[PDB]
Amino acid sequence: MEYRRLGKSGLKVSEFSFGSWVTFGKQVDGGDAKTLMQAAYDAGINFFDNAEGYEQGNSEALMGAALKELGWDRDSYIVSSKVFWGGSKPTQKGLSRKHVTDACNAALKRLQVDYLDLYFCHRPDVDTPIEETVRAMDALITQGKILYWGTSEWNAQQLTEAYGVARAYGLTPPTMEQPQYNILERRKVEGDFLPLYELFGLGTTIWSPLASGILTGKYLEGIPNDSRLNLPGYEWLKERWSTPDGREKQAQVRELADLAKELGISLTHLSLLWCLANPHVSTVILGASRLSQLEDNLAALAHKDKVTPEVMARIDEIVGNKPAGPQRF
Ligand SMILES: NC(=O)c1ccc[n+]([C@@H]2O[C@H](COP(=O)([O-])OP(=O)(O)OC[C@H]3O[C@@H](n4cnc5c(N)ncnc54)[C@H](OP(=O)(O)O)[C@@H]3O)[C@@H](O)[C@H]2O)c1
């Protein structure tokens, strides 16, 4: 395992991290959470991602119980929560000072920690001034309840606004953003966010590096019975991939699988290493519903030399989705 700075910050994250979306509290019960988390930790993963919205708090409860039982040195790992979806009522969601503060205190108790290393705004809230959210985060910094704060799937206008508010009012700037990023989804990391890396030093913990599992190639011939897209409650996700746009992407996945075979690598490994080939990626957050998948994904790290500039160019040619850079006149 190698480690990268989270943007310009001094926090060093393992290049692969481990998250809990979908799996914790359903596919992954309390005992399996402990097993997966210890396996990740023994492999050198030092960042574990969660959110208040994940199974309505139960993912964080399970992760906190695992953390307590496993007894890791607190200085040896990084844990997050993310605030946005904390219930159905108007004060239980969004990024108001009230819900940012309530959700932080609630996450501390669920995760059974005294502080969060990382605390993300899970989505942007167009109904709360970004200034208010930044002020709420700054109070949590000064109280010692969080160390770094950031955002997820914000746009570059919103992020630039947050940095400007922090500077104007003497508040703590954000550190980091958590965007989806994979061969099939590149718009924010390689497009919208491009100027923010040099301007602000924005770090990235990227989400869904296998496109919910599409980039394993496991769906090329149909839908496995034991697969995310077949889970009850995720019919919306099966639907998105059944659209014509989702079907064209799946046809490109077949070409990517042929490229991987040509290289002597699984498509899973190619897709994870592709993310790491971007120097603006601080960490790739892995997802796994079972130990064998975590082990498989960790094995990708042995094949870095197979992912060359020539391979990156061929992937660009297959998918055709490399975002345009800054425009000149
Ligand atoms: N902030 C956000 O908006 C956001 C959004 C998404 C994710 N995230 C974060 O990113 C983390 C990872 O996202 P993700 O779970 O979507 O990652 P992913 O790698 O795109 O999908 C992971 C899923 O694919 C299947 N899988 C993984 N490895 C496999 C393997 N080697 N072979 C076969 N199947 C495999 C498993 O699902 P099945 O076994 O059920 O098929 C696993 O649950 C999340 O836990 C979360 O921390 C954040």
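To be clear, the structure that these remarks concern was listed above.
1. Let's talk about the pattern of salt bridges
One side chain can pair with another of opposite charge once the charged atoms of both are near each other.
Consideration 1: The tally for this structure, following the rule as stated, stands at 16 salt bridges.
Consideration 2: Here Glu2 makes a salt bridge to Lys304, at a shortest N to O gap of 2.8 Å. Pair noted here: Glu2 is in the segment before β1 (3-5) and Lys304 is in the loop between α11 (291-298) and α12 (309-319), with a separation of 302 residues, a long-range link.
Consideration 3: By relative accessible area, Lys304 is classed as partly exposed at 31%.

2. Some remarks on unusual backbone geometry
Consideration 1: Although it is not a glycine, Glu55 sits at a positive phi angle of roughly 50°.
Consideration 2: Inspection of the secondary structure puts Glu55 in the loop between β4 (47-49) and α2 (58-70).
Consideration 3: Even without being a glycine, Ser208 presents a positive backbone phi close to 50°.
Consideration 4: Relative to the helices and strands, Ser208 is located in the loop between β9 (203-206) and α8 (235-242).

3. Remarks on helix α10 (residues 267-276)
Consideration 1: Here α10 lies mainly inside the structure; 10 of its 10 residues are buried.
Consideration 2: All of the buried residues along α10 are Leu267, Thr268, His269, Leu270, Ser271, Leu272, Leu273, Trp274, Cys275 and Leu276.

4. Brief notes about the packing of aromatic side chains
Consideration 1: Counted by the stated rule, this structure contains 8 aromatic pairs.
Consideration 2: Taking the centre distance of 5.9 Å and the plane angle of 45° together, the rings of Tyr234 and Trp236 count as tilted.
Consideration 3: Among the residues examined, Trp236 registers a relative accessible area of 34% and is labelled partly exposed.

5. Focus on helix α5 (residues 156-169)
Consideration 1: Over its 14 residues, α5 extends 20 Å from the first C-alpha to the last, a length consistent with the 20 Å expected when each residue adds 1.5 Å.
Consideration 2: What α5 keeps buried is the set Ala156, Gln158, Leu159, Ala162, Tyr163, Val165 and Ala166.
Consideration 3: On its buried side, α5 packs onto α4 (130-143), β7 (146-151), β8 (176-177), α6 (187-192) and α7 (194-200).
Consideration 4: The N-terminus of α5 is capped by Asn155, whose side-chain oxygen sits 3.0 Å from the backbone nitrogen of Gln157.
Consideration 5: Backbone geometry just downstream of α5 places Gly170 in the positive-phi region, at approximately 65°.

6. A word on the packing of helix α9 (residues 244-263) against α12
Consideration 1: It is the contact of α9 with α12, at a shortest axis distance of 9 Å, that shows an interaxial angle of 160°. By the criterion of interaxial angle, the relationship of α9 to α12 is roughly antiparallel. The crossing of α9 and α12 is right-handed. In contact with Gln252, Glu255, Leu256, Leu259, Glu262 and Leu263 of α9, α12 contributes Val311, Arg314, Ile315, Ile318 and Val319.

Scoring rules and cut-offs
- Residue labels here follow a simple count from 1 along each chain's written sequence instead of the entry's numbering, which may differ, and residues missing coordinates are not shown.
- Derived side-chain values reflect all non-hydrogen atoms in the structure, with water molecules and hydrogen atoms excluded from consideration.
- Residues with missing side-chain atoms are left out of burial classes, side-chain pairs and their counts.
- Salt bridge, as applied in this entry: a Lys or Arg side-chain nitrogen positioned within 4 Å of an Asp or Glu carboxyl oxygen.
- Strands here are runs of E lasting at least two residues and helices are runs of H or I lasting at least four, both read from the DSSP assignment and numbered beginning at the N terminus.
- Think of it in three bands: with a 1.4 Å probe and only protein chains considered, a residue is buried below 20% of the maximum accessible area for its type, exposed above 50%, and partly exposed in between.
- A pair of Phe, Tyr and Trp rings is counted when the ring centres sit within 6.5 Å of each other, with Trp represented by its six-membered ring. The angle between the planes then sorts it: under 30 degrees is stacked, over 60 is edge-to-face, the rest tilted.
- Each residue after the first adds 1.5 Å to the expected span of a helix.
- In what follows, a contact means two residues having at least one pair of non-hydrogen atoms within 4.5 Å.
- Any pair of N or O atoms that falls within 3.5 Å is considered a polar contact. Within protein, one atom must be able to donate a hydrogen and the other to accept it, and sequence-neighbouring residues count only if both atoms are side-chain atoms.
- Think of each axis as a best-fit line through the C-alpha atoms, taken over the contacting stretch in the case of a helix, with angles from 0 to 180 degrees between the N-to-C directions.
- Orientation labels follow simple angle bins: below 35 degrees gives roughly parallel, above 145 gives roughly antiparallel, 65 to 115 gives roughly perpendicular, and whatever is left gives oblique.
- Working rule for handedness: look at the near helix, and if it is turned counterclockwise from the far one by less than a right angle, call the crossing left-handed; if clockwise, right-handed.

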